[PDB]
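Below: one structure, written as structure tokens.
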Amino acid sequence: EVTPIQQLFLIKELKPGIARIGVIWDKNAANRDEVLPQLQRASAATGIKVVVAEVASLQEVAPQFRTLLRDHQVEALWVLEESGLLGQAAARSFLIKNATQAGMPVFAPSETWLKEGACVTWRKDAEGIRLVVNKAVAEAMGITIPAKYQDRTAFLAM
């Protein structure tokens, strides 16, 4: 497990120039009292503003996504876990498509997301962080890989 702060430092290098990022958060997910504060500490540390929109049901995903875009001009979408709503095909399909159509890469918690068009995910192993990337979408979006991961980046077989 890669910490939220570590994720956002990765994001800072992966998407050059990013200033504002949007999170869609499942109101039924565990660890809210841990994670949501960590996101605002990570915002301050990284220089990237993090705006969180919370959803409880699939019906709320579209309206809350539109809010992130309208009220905030976020530059990327970041999803931290997928235990409930964010592990459903309908939510992934909506969020990926809508983010891409707005020019926003999607930073996701699993390869499942990459298969459907998200750009980057990560894992932590005994040698530290490694990256998994959707090659086609990452190339089109202009994603950059930090040099230290040059040998620690896999492209997902589609």
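Labeling convention for the structure tokens: chains A, B, ... as they appear, residues from 1 per chain, ligands from 1 in order of appearance.
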At a cut-off of 8 Å, using only C-alpha atoms, what residues contact residue 116 in chain A? Leave out same-chain residues fewer than 3 positions from it and give the result as an MDAnalysis selection string. chainID A and resid 92:93 96 112:113
Can you pull out the residues contacting residue 76 in chain A? Cut-off 9 Å, using only C-alpha atoms, and skip same-chain residues under 5 positions away; I want them as a PyMOL selection string. chain A and resi 15+18+20-23+99+103-107
List every residue of range 76-154 of chain A that DSSP, applied to the backbone, labels as strand (DSSP E or B), and write the result as a PyMOL selection string. chain A and resi 77-78+106-107+120-125+128-133+153-154
Produce a file of the selected residues containing C-alpha atoms, as a tab-separated table (two decimals), in the first residue's frame.
chain	number	residue	atom	x	y	z
A	77	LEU	CA	-9.01	12.53	-11.15
A	78	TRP	CA	-7.58	10.49	-8.29
A	106	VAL	CA	-7.14	9.21	-14.01
A	107	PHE	CA	-4.87	7.99	-11.18
A	120	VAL	CA	-1.47	5.02	-13.80
A	121	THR	CA	-1.58	2.86	-10.72
A	122	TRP	CA	1.09	1.82	-8.24
A	123	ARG	CA	2.08	-0.82	-5.83
A	124	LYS	CA	4.61	-1.16	-3.10
A	125	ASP	CA	6.83	-4.20	-2.83
A	128	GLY	CA	9.74	0.20	-2.86
A	129	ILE	CA	7.24	1.72	-5.36
A	130	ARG	CA	6.61	0.36	-8.84
A	131	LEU	CA	4.26	1.85	-11.43
A	132	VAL	CA	1.84	0.21	-13.79
A	133	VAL	CA	0.74	2.25	-16.81
A	153	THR	CA	7.44	0.75	-14.71
A	154	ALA	CA	5.32	-1.96	-16.39
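One finds CA of residue 137 in chain A at 24.0 Å from CA of residue 49 in chain A.
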Which residues are close to residue 30 in chain A, i.e. within 12 Å by only C-alpha atoms, leaving aside same-chain residues fewer than 5 positions away? Reply as a ChimeraX atom specification. /A:25,35-36,80-84
Just the selected residues (N, CA and C atoms), exported as a PDB file, in the first residue's frame, please.
ATOM      1  N   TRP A  25     -14.670  10.197  -3.523  1.00  0.00           N
ATOM      2  CA  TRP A  25     -14.555   9.441  -2.290  1.00  0.00           C
ATOM      3  C   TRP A  25     -15.903   8.775  -1.994  1.00  0.00           C
ATOM      4  N   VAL A  35      -7.922   9.172   6.164  1.00  0.00           N
ATOM      5  CA  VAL A  35      -7.546   9.489   4.793  1.00  0.00           C
ATOM      6  C   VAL A  35      -7.850  10.919   4.450  1.00  0.00           C
ATOM      7  N   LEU A  36      -9.040  11.433   4.836  1.00  0.00           N
ATOM      8  CA  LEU A  36      -9.417  12.767   4.379  1.00  0.00           C
ATOM      9  C   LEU A  36      -8.512  13.837   4.908  1.00  0.00           C
ATOM     10  N   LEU A  80      -8.754   6.598  -4.595  1.00  0.00           N
ATOM     11  CA  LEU A  80      -7.897   6.011  -3.605  1.00  0.00           C
ATOM     12  C   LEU A  80      -8.170   4.570  -3.252  1.00  0.00           C
ATOM     13  N   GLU A  81      -9.374   4.075  -3.477  1.00  0.00           N
ATOM     14  CA  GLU A  81      -9.713   2.711  -3.190  1.00  0.00           C
ATOM     15  C   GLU A  81     -10.939   2.342  -4.017  1.00  0.00           C
ATOM     16  N   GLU A  82     -11.371   1.111  -3.874  1.00  0.00           N
ATOM     17  CA  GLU A  82     -12.487   0.608  -4.742  1.00  0.00           C
ATOM     18  C   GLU A  82     -13.254  -0.504  -4.012  1.00  0.00           C
ATOM     19  N   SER A  83     -13.361  -0.405  -2.678  1.00  0.00           N
ATOM     20  CA  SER A  83     -14.068  -1.454  -1.904  1.00  0.00           C
ATOM     21  C   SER A  83     -15.569  -1.569  -2.167  1.00  0.00           C
ATOM     22  N   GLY A  84     -16.212  -0.488  -2.598  1.00  0.00           N
ATOM     23  CA  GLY A  84     -17.685  -0.445  -2.757  1.00  0.00           C
ATOM     24  C   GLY A  84     -18.017   0.102  -4.105  1.00  0.00           C
TER      25      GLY A  84
END
Could you check which of A:56, A:48, A:29, A:62 is closest to residue 12 in chain A, using only C-alpha atoms?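 Of A:56, A:48, A:29, A:62, the one nearest residue 12 in chain A is A:48, counting only C-alpha atoms.
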May I have the residues within 10 Å of residue 14 in chain A as an MDAnalysis selection string, using only C-alpha atoms and disregarding those fewer than 3 positions away in the same chain? chainID A and resid 8:11 17:18 105 107 119:120 138 142:146
Output C-alpha atoms of each residue in that selection to a file, as a PDB file, in the first residue's frame.
ATOM      1  CA  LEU A   8       0.339  12.656  -4.618  1.00  0.00           C
ATOM      2  CA  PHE A   9       4.102  13.160  -4.893  1.00  0.00           C
ATOM      3  CA  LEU A  10       4.029  10.610  -7.730  1.00  0.00           C
ATOM      4  CA  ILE A  11       1.184  12.399  -9.341  1.00  0.00           C
ATOM      5  CA  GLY A  17       2.440  21.326 -14.008  1.00  0.00           C
ATOM      6  CA  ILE A  18      -0.615  19.951 -12.187  1.00  0.00           C
ATOM      7  CA  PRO A 105      -5.842  11.687 -16.578  1.00  0.00           C
ATOM      8  CA  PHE A 107      -4.872   7.994 -11.184  1.00  0.00           C
ATOM      9  CA  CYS A 119      -3.536   6.081 -16.930  1.00  0.00           C
ATOM     10  CA  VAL A 120      -1.470   5.020 -13.804  1.00  0.00           C
ATOM     11  CA  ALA A 138      -0.522   7.540 -20.948  1.00  0.00           C
ATOM     12  CA  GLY A 142       1.661  13.092 -22.117  1.00  0.00           C
ATOM     13  CA  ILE A 143       2.423  11.345 -18.834  1.00  0.00           C
ATOM     14  CA  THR A 144       6.063  11.616 -17.697  1.00  0.00           C
ATOM     15  CA  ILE A 145       7.825   8.938 -15.623  1.00  0.00           C
ATOM     16  CA  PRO A 146      10.307   9.969 -12.885  1.00  0.00           C
TER      17      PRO A 146
END
Within 9 Å of residue 55 in chain A, counting only C-alpha atoms, which residues qualify if same-chain residues fewer than 4 places away don't, as a compact mmCIF listing (two decimals) with N, CA and C atoms, in the first residue's frame?
# COMPACT_ATOMS: atom_id res chain seq x y z
N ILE A 24 -12.70 11.51 -6.02
CA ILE A 24 -14.01 11.00 -5.74
C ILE A 24 -13.89 9.97 -4.60
N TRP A 25 -14.67 10.20 -3.52
CA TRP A 25 -14.55 9.44 -2.29
C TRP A 25 -15.90 8.78 -1.99
N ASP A 26 -15.87 7.46 -1.76
CA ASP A 26 -17.03 6.65 -1.41
C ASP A 26 -17.30 6.87 0.10
N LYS A 27 -18.42 7.50 0.40
CA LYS A 27 -18.85 7.75 1.77
C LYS A 27 -18.98 6.50 2.64
N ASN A 28 -19.04 5.34 2.06
CA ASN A 28 -19.05 4.05 2.80
C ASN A 28 -17.72 3.37 2.93
N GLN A 59 -25.91 6.97 -8.48
CA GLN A 59 -26.65 8.17 -8.96
C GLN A 59 -25.98 9.45 -8.65
N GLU A 60 -25.16 9.48 -7.60
CA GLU A 60 -24.46 10.68 -7.17
C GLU A 60 -23.12 10.91 -7.91
N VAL A 61 -22.62 9.90 -8.61
CA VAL A 61 -21.28 10.01 -9.20
C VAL A 61 -21.27 11.11 -10.26
N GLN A 64 -21.63 14.77 -8.82
CA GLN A 64 -20.48 15.18 -8.05
C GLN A 64 -19.27 15.37 -8.91
N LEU A 85 -18.56 1.32 -4.11
CA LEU A 85 -19.08 1.94 -5.28
C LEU A 85 -18.02 2.08 -6.34
As a PDB file with N, CA and C atoms, in the first residue's frame, please: all residues of chain A that backbone DSSP puts in alpha helix (DSSP H).
ATOM      1  N   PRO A   4      -1.360   7.972   0.769  1.00  0.00           N
ATOM      2  CA  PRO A   4      -1.878   9.091  -0.037  1.00  0.00           C
ATOM      3  C   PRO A   4      -0.861  10.159  -0.344  1.00  0.00           C
ATOM      4  N   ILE A   5      -0.009  10.502   0.618  1.00  0.00           N
ATOM      5  CA  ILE A   5       0.987  11.508   0.355  1.00  0.00           C
ATOM      6  C   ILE A   5       1.997  11.094  -0.676  1.00  0.00           C
ATOM      7  N   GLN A   6       2.417   9.822  -0.631  1.00  0.00           N
ATOM      8  CA  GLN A   6       3.352   9.244  -1.607  1.00  0.00           C
ATOM      9  C   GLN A   6       2.691   9.258  -3.001  1.00  0.00           C
ATOM     10  N   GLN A   7       1.421   8.883  -3.062  1.00  0.00           N
ATOM     11  CA  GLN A   7       0.669   8.932  -4.311  1.00  0.00           C
ATOM     12  C   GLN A   7       0.650  10.307  -4.899  1.00  0.00           C
ATOM     13  N   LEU A   8       0.447  11.316  -4.064  1.00  0.00           N
ATOM     14  CA  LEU A   8       0.339  12.656  -4.618  1.00  0.00           C
ATOM     15  C   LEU A   8       1.685  13.211  -5.068  1.00  0.00           C
ATOM     16  N   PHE A   9       2.764  12.899  -4.376  1.00  0.00           N
ATOM     17  CA  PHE A   9       4.102  13.160  -4.893  1.00  0.00           C
ATOM     18  C   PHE A   9       4.396  12.482  -6.218  1.00  0.00           C
ATOM     19  N   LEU A  10       3.915  11.277  -6.415  1.00  0.00           N
ATOM     20  CA  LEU A  10       4.029  10.610  -7.730  1.00  0.00           C
ATOM     21  C   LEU A  10       3.267  11.363  -8.751  1.00  0.00           C
ATOM     22  N   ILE A  11       1.995  11.649  -8.447  1.00  0.00           N
ATOM     23  CA  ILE A  11       1.184  12.399  -9.341  1.00  0.00           C
ATOM     24  C   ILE A  11       1.867  13.725  -9.817  1.00  0.00           C
ATOM     25  N   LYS A  12       2.471  14.451  -8.879  1.00  0.00           N
ATOM     26  CA  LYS A  12       3.160  15.670  -9.199  1.00  0.00           C
ATOM     27  C   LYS A  12       4.212  15.544 -10.298  1.00  0.00           C
ATOM     28  N   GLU A  13       4.867  14.400 -10.351  1.00  0.00           N
ATOM     29  CA  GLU A  13       5.862  14.140 -11.392  1.00  0.00           C
ATOM     30  C   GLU A  13       5.239  13.544 -12.678  1.00  0.00           C
ATOM     31  N   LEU A  14       4.171  12.803 -12.536  1.00  0.00           N
ATOM     32  CA  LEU A  14       3.536  12.082 -13.637  1.00  0.00           C
ATOM     33  C   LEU A  14       2.753  12.991 -14.575  1.00  0.00           C
ATOM     34  N   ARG A  32     -12.077   6.901   6.705  1.00  0.00           N
ATOM     35  CA  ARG A  32     -12.278   8.321   6.285  1.00  0.00           C
ATOM     36  C   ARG A  32     -11.553   9.298   7.226  1.00  0.00           C
ATOM     37  N   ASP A  33     -11.513   8.953   8.517  1.00  0.00           N
ATOM     38  CA  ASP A  33     -10.971   9.868   9.530  1.00  0.00           C
ATOM     39  C   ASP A  33      -9.477   9.904   9.432  1.00  0.00           C
ATOM     40  N   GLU A  34      -8.892   8.842   8.920  1.00  0.00           N
ATOM     41  CA  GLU A  34      -7.489   8.834   8.532  1.00  0.00           C
ATOM     42  C   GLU A  34      -7.213   9.578   7.217  1.00  0.00           C
ATOM     43  N   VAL A  35      -7.922   9.172   6.164  1.00  0.00           N
ATOM     44  CA  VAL A  35      -7.546   9.489   4.793  1.00  0.00           C
ATOM     45  C   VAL A  35      -7.850  10.919   4.450  1.00  0.00           C
ATOM     46  N   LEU A  36      -9.040  11.433   4.836  1.00  0.00           N
ATOM     47  CA  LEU A  36      -9.417  12.767   4.379  1.00  0.00           C
ATOM     48  C   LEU A  36      -8.512  13.837   4.908  1.00  0.00           C
ATOM     49  N   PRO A  37      -8.181  13.794   6.207  1.00  0.00           N
ATOM     50  CA  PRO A  37      -7.120  14.686   6.724  1.00  0.00           C
ATOM     51  C   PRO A  37      -5.775  14.539   6.037  1.00  0.00           C
ATOM     52  N   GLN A  38      -5.374  13.302   5.797  1.00  0.00           N
ATOM     53  CA  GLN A  38      -4.090  13.046   5.074  1.00  0.00           C
ATOM     54  C   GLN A  38      -4.075  13.730   3.681  1.00  0.00           C
ATOM     55  N   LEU A  39      -5.227  13.743   2.987  1.00  0.00           N
ATOM     56  CA  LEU A  39      -5.305  14.389   1.701  1.00  0.00           C
ATOM     57  C   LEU A  39      -5.053  15.877   1.786  1.00  0.00           C
ATOM     58  N   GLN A  40      -5.509  16.500   2.860  1.00  0.00           N
ATOM     59  CA  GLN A  40      -5.289  17.962   2.993  1.00  0.00           C
ATOM     60  C   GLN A  40      -3.861  18.232   3.461  1.00  0.00           C
ATOM     61  N   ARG A  41      -3.261  17.349   4.279  1.00  0.00           N
ATOM     62  CA  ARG A  41      -1.827  17.480   4.540  1.00  0.00           C
ATOM     63  C   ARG A  41      -0.945  17.247   3.307  1.00  0.00           C
ATOM     64  N   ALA A  42      -1.363  16.264   2.479  1.00  0.00           N
ATOM     65  CA  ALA A  42      -0.692  15.988   1.201  1.00  0.00           C
ATOM     66  C   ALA A  42      -0.818  17.161   0.184  1.00  0.00           C
ATOM     67  N   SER A  43      -1.968  17.815   0.157  1.00  0.00           N
ATOM     68  CA  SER A  43      -2.152  19.017  -0.651  1.00  0.00           C
ATOM     69  C   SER A  43      -1.132  20.086  -0.275  1.00  0.00           C
ATOM     70  N   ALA A  44      -1.072  20.381   1.012  1.00  0.00           N
ATOM     71  CA  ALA A  44      -0.144  21.382   1.493  1.00  0.00           C
ATOM     72  C   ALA A  44       1.294  21.003   1.191  1.00  0.00           C
ATOM     73  N   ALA A  45       1.663  19.724   1.447  1.00  0.00           N
ATOM     74  CA  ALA A  45       3.060  19.306   1.212  1.00  0.00           C
ATOM     75  C   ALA A  45       3.450  19.393  -0.254  1.00  0.00           C
ATOM     76  N   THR A  46       2.541  18.981  -1.162  1.00  0.00           N
ATOM     77  CA  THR A  46       2.922  18.851  -2.540  1.00  0.00           C
ATOM     78  C   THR A  46       2.718  20.143  -3.384  1.00  0.00           C
ATOM     79  N   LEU A  58     -24.367   5.168  -6.981  1.00  0.00           N
ATOM     80  CA  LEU A  58     -23.997   5.399  -8.369  1.00  0.00           C
ATOM     81  C   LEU A  58     -24.667   6.665  -8.928  1.00  0.00           C
ATOM     82  N   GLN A  59     -25.914   6.973  -8.476  1.00  0.00           N
ATOM     83  CA  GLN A  59     -26.645   8.166  -8.962  1.00  0.00           C
ATOM     84  C   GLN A  59     -25.980   9.453  -8.654  1.00  0.00           C
ATOM     85  N   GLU A  60     -25.159   9.481  -7.601  1.00  0.00           N
ATOM     86  CA  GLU A  60     -24.456  10.682  -7.169  1.00  0.00           C
ATOM     87  C   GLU A  60     -23.123  10.910  -7.905  1.00  0.00           C
ATOM     88  N   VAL A  61     -22.618   9.903  -8.614  1.00  0.00           N
ATOM     89  CA  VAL A  61     -21.278  10.007  -9.200  1.00  0.00           C
ATOM     90  C   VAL A  61     -21.273  11.114 -10.260  1.00  0.00           C
ATOM     91  N   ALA A  62     -22.246  11.079 -11.159  1.00  0.00           N
ATOM     92  CA  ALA A  62     -22.260  12.072 -12.252  1.00  0.00           C
ATOM     93  C   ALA A  62     -22.386  13.489 -11.781  1.00  0.00           C
ATOM     94  N   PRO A  63     -23.368  13.798 -10.910  1.00  0.00           N
ATOM     95  CA  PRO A  63     -23.501  15.155 -10.345  1.00  0.00           C
ATOM     96  C   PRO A  63     -22.278  15.647  -9.596  1.00  0.00           C
ATOM     97  N   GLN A  64     -21.633  14.774  -8.824  1.00  0.00           N
ATOM     98  CA  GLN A  64     -20.481  15.183  -8.051  1.00  0.00           C
ATOM     99  C   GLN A  64     -19.267  15.374  -8.909  1.00  0.00           C
ATOM    100  N   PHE A  65     -19.085  14.485  -9.904  1.00  0.00           N
ATOM    101  CA  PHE A  65     -18.068  14.750 -10.954  1.00  0.00           C
ATOM    102  C   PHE A  65     -18.249  16.105 -11.640  1.00  0.00           C
ATOM    103  N   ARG A  66     -19.472  16.387 -12.096  1.00  0.00           N
ATOM    104  CA  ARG A  66     -19.731  17.714 -12.715  1.00  0.00           C
ATOM    105  C   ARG A  66     -19.398  18.905 -11.803  1.00  0.00           C
ATOM    106  N   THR A  67     -19.632  18.728 -10.496  1.00  0.00           N
ATOM    107  CA  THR A  67     -19.278  19.714  -9.500  1.00  0.00           C
ATOM    108  C   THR A  67     -17.782  19.937  -9.396  1.00  0.00           C
ATOM    109  N   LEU A  68     -16.980  18.869  -9.422  1.00  0.00           N
ATOM    110  CA  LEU A  68     -15.557  18.999  -9.409  1.00  0.00           C
ATOM    111  C   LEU A  68     -15.051  19.819 -10.552  1.00  0.00           C
ATOM    112  N   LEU A  69     -15.645  19.605 -11.719  1.00  0.00           N
ATOM    113  CA  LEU A  69     -15.238  20.320 -12.918  1.00  0.00           C
ATOM    114  C   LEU A  69     -15.727  21.719 -12.908  1.00  0.00           C
ATOM    115  N   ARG A  70     -16.978  21.910 -12.558  1.00  0.00           N
ATOM    116  CA  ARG A  70     -17.593  23.256 -12.652  1.00  0.00           C
ATOM    117  C   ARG A  70     -17.093  24.196 -11.592  1.00  0.00           C
ATOM    118  N   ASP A  71     -17.054  23.741 -10.355  1.00  0.00           N
ATOM    119  CA  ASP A  71     -16.746  24.598  -9.218  1.00  0.00           C
ATOM    120  C   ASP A  71     -15.252  24.690  -9.018  1.00  0.00           C
ATOM    121  N   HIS A  72     -14.484  23.737  -9.590  1.00  0.00           N
ATOM    122  CA  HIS A  72     -13.058  23.709  -9.326  1.00  0.00           C
ATOM    123  C   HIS A  72     -12.046  23.603 -10.408  1.00  0.00           C
ATOM    124  N   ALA A  89     -18.385  -1.452 -12.192  1.00  0.00           N
ATOM    125  CA  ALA A  89     -18.151  -1.159 -13.592  1.00  0.00           C
ATOM    126  C   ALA A  89     -18.784   0.139 -14.033  1.00  0.00           C
ATOM    127  N   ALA A  90     -19.993   0.437 -13.569  1.00  0.00           N
ATOM    128  CA  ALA A  90     -20.706   1.658 -13.968  1.00  0.00           C
ATOM    129  C   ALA A  90     -20.008   2.951 -13.504  1.00  0.00           C
ATOM    130  N   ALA A  91     -19.512   2.927 -12.277  1.00  0.00           N
ATOM    131  CA  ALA A  91     -18.785   4.093 -11.771  1.00  0.00           C
ATOM    132  C   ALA A  91     -17.459   4.270 -12.515  1.00  0.00           C
ATOM    133  N   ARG A  92     -16.701   3.205 -12.708  1.00  0.00           N
ATOM    134  CA  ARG A  92     -15.439   3.289 -13.443  1.00  0.00           C
ATOM    135  C   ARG A  92     -15.621   3.797 -14.841  1.00  0.00           C
ATOM    136  N   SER A  93     -16.628   3.274 -15.528  1.00  0.00           N
ATOM    137  CA  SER A  93     -16.886   3.700 -16.927  1.00  0.00           C
ATOM    138  C   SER A  93     -17.280   5.182 -17.039  1.00  0.00           C
ATOM    139  N   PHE A  94     -18.152   5.650 -16.128  1.00  0.00           N
ATOM    140  CA  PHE A  94     -18.526   7.014 -16.134  1.00  0.00           C
ATOM    141  C   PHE A  94     -17.325   7.924 -15.893  1.00  0.00           C
ATOM    142  N   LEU A  95     -16.612   7.650 -14.820  1.00  0.00           N
ATOM    143  CA  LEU A  95     -15.541   8.548 -14.347  1.00  0.00           C
ATOM    144  C   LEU A  95     -14.416   8.586 -15.346  1.00  0.00           C
ATOM    145  N   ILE A  96     -14.021   7.425 -15.856  1.00  0.00           N
ATOM    146  CA  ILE A  96     -12.916   7.411 -16.891  1.00  0.00           C
ATOM    147  C   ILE A  96     -13.247   8.214 -18.135  1.00  0.00           C
ATOM    148  N   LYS A  97     -14.411   7.965 -18.695  1.00  0.00           N
ATOM    149  CA  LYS A  97     -14.836   8.659 -19.893  1.00  0.00           C
ATOM    150  C   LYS A  97     -14.980  10.164 -19.720  1.00  0.00           C
ATOM    151  N   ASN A  98     -15.656  10.542 -18.646  1.00  0.00           N
ATOM    152  CA  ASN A  98     -15.849  11.953 -18.349  1.00  0.00           C
ATOM    153  C   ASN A  98     -14.575  12.708 -18.017  1.00  0.00           C
ATOM    154  N   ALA A  99     -13.648  12.048 -17.310  1.00  0.00           N
ATOM    155  CA  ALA A  99     -12.363  12.647 -17.080  1.00  0.00           C
ATOM    156  C   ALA A  99     -11.582  12.818 -18.384  1.00  0.00           C
ATOM    157  N   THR A 100     -11.530  11.778 -19.224  1.00  0.00           N
ATOM    158  CA  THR A 100     -10.772  11.852 -20.443  1.00  0.00           C
ATOM    159  C   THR A 100     -11.319  12.943 -21.392  1.00  0.00           C
ATOM    160  N   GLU A 111      -5.336  -2.090 -11.415  1.00  0.00           N
ATOM    161  CA  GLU A 111      -5.247  -2.359 -12.839  1.00  0.00           C
ATOM    162  C   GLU A 111      -6.591  -2.447 -13.533  1.00  0.00           C
ATOM    163  N   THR A 112      -7.651  -2.818 -12.800  1.00  0.00           N
ATOM    164  CA  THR A 112      -9.018  -2.867 -13.331  1.00  0.00           C
ATOM    165  C   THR A 112      -9.373  -1.562 -13.997  1.00  0.00           C
ATOM    166  N   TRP A 113      -8.976  -0.485 -13.354  1.00  0.00           N
ATOM    167  CA  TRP A 113      -9.201   0.858 -13.875  1.00  0.00           C
ATOM    168  C   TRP A 113      -8.385   1.159 -15.120  1.00  0.00           C
ATOM    169  N   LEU A 114      -7.139   0.755 -15.150  1.00  0.00           N
ATOM    170  CA  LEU A 114      -6.288   0.936 -16.287  1.00  0.00           C
ATOM    171  C   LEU A 114      -6.824   0.232 -17.488  1.00  0.00           C
ATOM    172  N   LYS A 115      -7.415  -0.923 -17.275  1.00  0.00           N
ATOM    173  CA  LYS A 115      -7.964  -1.691 -18.416  1.00  0.00           C
ATOM    174  C   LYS A 115      -9.074  -0.976 -19.147  1.00  0.00           C
ATOM    175  N   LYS A 135      -0.290   2.085 -21.465  1.00  0.00           N
ATOM    176  CA  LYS A 135       0.649   2.718 -22.427  1.00  0.00           C
ATOM    177  C   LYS A 135      -0.031   3.652 -23.395  1.00  0.00           C
ATOM    178  N   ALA A 136      -1.018   3.154 -24.115  1.00  0.00           N
ATOM    179  CA  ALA A 136      -1.734   3.967 -25.103  1.00  0.00           C
ATOM    180  C   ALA A 136      -2.317   5.283 -24.582  1.00  0.00           C
ATOM    181  N   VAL A 137      -3.019   5.204 -23.438  1.00  0.00           N
ATOM    182  CA  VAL A 137      -3.657   6.409 -22.824  1.00  0.00           C
ATOM    183  C   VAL A 137      -2.602   7.319 -22.215  1.00  0.00           C
ATOM    184  N   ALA A 138      -1.621   6.760 -21.495  1.00  0.00           N
ATOM    185  CA  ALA A 138      -0.522   7.540 -20.948  1.00  0.00           C
ATOM    186  C   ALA A 138       0.257   8.268 -22.002  1.00  0.00           C
ATOM    187  N   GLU A 139       0.528   7.619 -23.134  1.00  0.00           N
ATOM    188  CA  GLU A 139       1.268   8.264 -24.235  1.00  0.00           C
ATOM    189  C   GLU A 139       0.404   9.422 -24.782  1.00  0.00           C
ATOM    190  N   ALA A 140      -0.862   9.179 -25.025  1.00  0.00           N
ATOM    191  CA  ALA A 140      -1.727  10.240 -25.558  1.00  0.00           C
ATOM    192  C   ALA A 140      -1.813  11.427 -24.542  1.00  0.00           C
ATOM    193  N   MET A 141      -1.921  11.151 -23.240  1.00  0.00           N
ATOM    194  CA  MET A 141      -2.058  12.218 -22.243  1.00  0.00           C
ATOM    195  C   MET A 141      -0.719  12.912 -21.903  1.00  0.00           C
TER     196      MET A 141
END
So the first atom is CA of residue 155 in chain A and the second is CA of residue 102 in chain A; what is the distance between them in Å, to one decimal place? 23.6 Å
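Each of A:101, A:127, A:79, A:148 was compared to residue 53 in chain A using only C-alpha atoms, and A:79 turns out to be the nearest.
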